[PDB]
């Protein structure tokens, strides 16, 4: 126990944060726990694309993103999701800060496959030293799912991918992938537990589809690298538990 938890918050999930959620965060912070928050915003980016007349195309659960598209992506993530997260937490007495210009000094990335996906990135390195300044200061850093190429270009990163990189870089005790379903569902009920060795065969039988594909792959990659537990569900405490074994 390093006493470190990474919380990743999905698009819908960030717009419905409960009283239980807000108290649990404040109580962990008051008990000395070190907390880092990562968030996405697919539902918001989709809305914005419509309102601005661009076509949503995804491939393998990843959004095809042109350079013009990135203006839309960064606006929805920073101004339409991230600012609300920071305001709800501060109003509840949690000490925290949205990264904006600090993003380029923390998350390095490269193009996943330019010809297929455009400006979609894969994380290449996390600079721990600047996340550590916030934590040493008892303040929770809030990170949108964005990174920067070696040449300085902003890239769109699937939020689950960013959460794995962050949890692994800090050697976290636990990662929570909080979303808008109660667990990973199979045959009409929530699965209580799954090990990393069983994930591939549920993506092969297509039990798991769409956005739950990058979610469950990130969970498996995290425990495989030594993080003790990953939770997938709609809250901080109950849902599906994933372990290396």
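Numbering follows the first chain given and starts at 1.
Peer 1: Got a sec? Mean C-alpha B-factor, which is higher, 59 to 67 or 29 to 37?
Peer 2: Comparing averages over the C-alpha atoms only gives 59 to 67.
Peer 1: Tell me which stretch has the larger mean Cα B-factor in this entry, 132 to 140 or 103 to 111.
Peer 2: According to the PDB entry, the answer is 132 to 140.
Peer 1: From 219, 178, 184, 48, which pick has the Cα B-factor that tops the rest in the entry?
Peer 2: Reading the PDB entry, the winner on C-alpha B-factor is 48.
Peer 1: Taking only the Cα B-factors deposited for this chain, tell me whether residue 156 sits in the lowest, middle or highest third.
Peer 2: Answer is lowest: the recorded C-alpha B-factor places it there.
Peer 1: Quick check for you: using the entry's CA B-factors within this chain, is residue 84 in the lowest, middle or highest third?
Peer 2: Its C-alpha B-factor, which the entry lists for residue 84, ranks in the middle third among residues of this chain.
Peer 1: Residue 116's Cα B-factor: lowest, middle or highest third of the chain?
Peer 2: Answer is middle: the recorded C-alpha B-factor places it there.
Peer 1: Test of reading the entry: by CA B factor among the chain's modelled residues, which third contains residue 7?
Peer 2: Residue 7: CA B-factor falls in the lowest third of its chain.
Peer 1: Looking at the temperature factor on the CA atom of residue 224, which third of the chain's modelled residues does it land in?
Peer 2: As the PDB entry reports it, the C-alpha B-factor of residue 224 lands in the highest third of its chain.
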